[PDB]
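[1] Please work out how this folds:
(4 chains)
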Amino acid sequence: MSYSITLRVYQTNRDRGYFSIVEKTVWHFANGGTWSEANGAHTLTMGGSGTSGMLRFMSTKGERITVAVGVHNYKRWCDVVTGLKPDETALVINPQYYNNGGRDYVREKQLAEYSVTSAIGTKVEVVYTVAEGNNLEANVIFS
Amino acid sequence: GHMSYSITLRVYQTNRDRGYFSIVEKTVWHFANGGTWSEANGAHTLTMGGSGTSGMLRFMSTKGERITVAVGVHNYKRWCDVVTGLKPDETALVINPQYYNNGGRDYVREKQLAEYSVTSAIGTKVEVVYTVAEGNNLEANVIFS
Amino acid sequence: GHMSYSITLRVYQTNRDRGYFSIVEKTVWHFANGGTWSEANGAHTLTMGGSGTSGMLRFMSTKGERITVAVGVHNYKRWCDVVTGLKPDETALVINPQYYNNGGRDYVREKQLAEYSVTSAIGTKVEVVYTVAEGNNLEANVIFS
Amino acid sequence: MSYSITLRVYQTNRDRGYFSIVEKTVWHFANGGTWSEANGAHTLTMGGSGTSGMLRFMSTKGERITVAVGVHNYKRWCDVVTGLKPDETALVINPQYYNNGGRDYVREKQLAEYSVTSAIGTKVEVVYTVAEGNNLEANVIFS
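    Residues are numbered from 1 along each chain as shown, chains lettered A, B, ... in the order given. Below is the structure in question.
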């Protein structure tokens, strides 16, 4: 069966910079997948369990952050990476979750929520609001 | 510092028989300090940190046809390529690296083409044509027919 | 309650000589409990609270040409119209009401057209063609050429 | 001289519903104007001083709200109207600021900020971050 993850973005802090998506990737396991946009939300559709995709964001102050979401052994997972250099594109980071690329262990945690504060003080949270089944939903919150 | 390059793409869809294409993935290669995609006035701009990198848009139609368009700058001149007939697992993340490190598509990048045309096995024609083909603020049309 | 109607529009731009059109305004008329525009998969959907209302997209090209497309449902059947040659102050807010209350364009609404074609004075052709022309979930192509 | 107003939307409350734009209008004085979208912001460009435009938003919980922005006698103005019925479209509300339509006095205040809490508890703020000149900028904040 196919899986989808639908993300809505909440930006809450008017002092730390405004974020926009600068890249969207899909990993090639499980027959791949695609991003789409509807009603102000972003949906990743995947061919089955065992793959993922990523949104990279950049702020008006030049801060670069990636959000990864996917399904591992039929359960959702997520991660956020901050403090990225300009050349650390999503194309670089998304593969790091597979083939013992350094971040596999995070995917294997199957997290339904994750939060981190960047070194320059930006907090990012991913929280699944629908955390079971094939039509998953999560909020991405910048603060 | 290094000179930055931007490529701005506008999409023309002309043939209802091909179904309707939408973007399903946007990648940026990591050479030359990377880069970012942005959207404005219905156009898509890839901004890059220097000559020697690229990015890709993958499209999928309402009929399930998957096609990638790659654009970049090689030795200070624009390049482009179109790949059709893609399998569901042949994502832009798979294809974009193939232009580098002798990955199978370096040759077309090295041609520094200002236009590219191909017809897919199922009859969809795709053209990339640069309308501003020189300098640091490049512009091209992507045409489905 | 009342039956709702939706109209989903996809835009095809085919001729680079016309410049490139983008949406500059989106309106909804207030009869039949109003309605809303939404965007998904690169298509534009007008959802309405009943038969007897409409909405409009106004487009402007990179060459400054302004054109409106109106779609709605009249007596349970779809309708459409295209107005070209618009002055800068002839916004969709001015034009959408003209289809009602004997405002000058009621006649075309009452025709319940499933297709419309016009060529502007400066040579831009615009077509609206419904591909799903019956029922409550209607679909049309808007074609610039 | 032409005027522009660029708006960025901040949604901060994950419990009260997610908003999206459902209508965008431009008033016909001062040679009219146009909306555009870039970098996740919304820009209203106007032919001169003396006109305005509006964004209408609807939440996932069915709440309908309009935000009006414009320039009156060379100074920015704004307003927010909440508790709207489905048939109170932007096409209905935008004209109410002119021709003694009931809301002219709000436009004439030339506000650089405005906030209101709807009857069902949603707070909306418009705050100009660039409040002078021809290239104005404001945040629209839902909370």
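
[2] Around residue A:102, how many other residues sit close by?
    12 (other C-beta atoms under 10 Å in any protein chain shown). The way it works is simple: take the backbone N, C-alpha and C, and place the C-beta from them, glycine included.

[3] Does chain D have contacts with stretch A:72-86?
    No - using C-beta under 8 Å from any C-beta of the partner chain, stretch A:72-86 never reaches chain D; the gap is at least 15.8 Å.

[4] What residues of that stretch count as buried?
    A:72, A:76, A:77, A:78, A:79, A:80, A:81, A:82, A:84, A:86 (16 or more other C-beta atoms under 10 Å in any protein chain shown).

[5] Would you format these as TSV with distance to residue A:35 included?
    Formatted as TSV, these follow (distance: C-beta to C-beta, whole Å):
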residue	distance to residue A:35
A:72	19
A:76	17
A:77	17
A:78	16
A:79	17
A:80	18
A:81	18
A:82	21
A:84	19
A:86	22
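
[6] so, if you compare the residues you listed, which one comes nearest to chain C?
    residue A:76 (22.9 Å; C-beta to the nearest C-beta).

[7] Surely the closest one and residue A:128 touch.
    Yes - using C-beta atoms under 8 Å, residue A:76 is in contact with residue A:128, at 5.8 Å.

[8] so what sits against both of these two?
    A:112, A:136, A:138 (C-beta atoms under 8 Å, 6 or more residues apart in numbering or on different chains).

[9] List the backbone torsions phi and psi for the second one.
    Just to be clear, that refers to residue A:136. Taking degrees, to the nearest 10, you get phi -90, psi 150 for the backbone angles of residue A:136.

[10] list the contacts for it?
    Counting by C-beta under 8 Å, 6+ apart, residue A:136 has contacts A:3, A:4, A:5, A:6, A:71, A:76, A:128, A:130.

[11] Next, count neighbours for residue A:108.
    Under the criterion other C-beta under 10 Å, the count of neighbours that residue A:108 has is 12.

[12] now it: how far from chain D?
    27 Å (C-beta to the nearest C-beta, to the nearest Å).

[13] Spit out the contact partners of that residue.
    Residue A:108 touches A:72, A:77, counting by C-beta under 8 Å, 6+ apart.

[14] Which parts of chain A are strands?
    A:3-11, A:19-26, A:33-38, A:41-46, A:52-59, A:64-72, A:75-81, A:113-117, A:123-130, A:135-142 (DSSP state E).

[15] So which residues on chain A come close to chain B?
    A:20-36, A:47, A:56, A:58, A:85-92, A:94-95.

[16] Just the buried ones from those?
    A:20-30, A:32-36, A:47, A:56, A:58, A:86-92, A:94-95.

[17] How about the residue in chain A that chain C sits nearest to, nearest residue that isn't a chain neighbour?
    In chain A, the residue that lies nearest chain C is residue A:38 (3.3 Å; C-beta to the nearest C-beta). Among residues not flanking residue A:38 along the chain, residue C:40 sits closest, at 3.3 Å (C-beta to C-beta, 6 or more residues apart in numbering or on different chains).

[18] Pretty sure residue A:82 sits against residue A:123.
    No - judged on C-beta under 8 Å, residue A:82 makes no contact with residue A:123 at a distance of 9.5 Å.

[19] what residues are shared contacts of these two?
    A:116, A:117.

[20] Quick one: neighbours of the residue of chain A closest to chain C, just the number.
    16.

[21] so what's it up against?
    By C-beta under 8 Å, 6+ apart, the neighbours of residue A:38 are C:38, C:39, C:40, C:41.

[22] Bridged to it, which residues?
    Beta-bridge pairing of residue A:38, defined through DSSP bridges, involves residue A:41, residue C:40.

[23] Tell me the buried residues within the contacts of residue A:136.
    The buried subset of the contacts of residue A:136 - by 16+ other C-beta under 10 Å - is A:3, A:4, A:5, A:6, A:71, A:76, A:128.

[24] thought the first one was touching residue A:53?
    No - under the criterion of C-beta under 8 Å, residue A:3 makes no contact with residue A:53, lying 10.8 Å away.

[25] any residues in contact with both of the two?
    By C-beta under 8 Å, 6+ apart, the residues touching both residue A:3 and residue A:53 are residue A:46.
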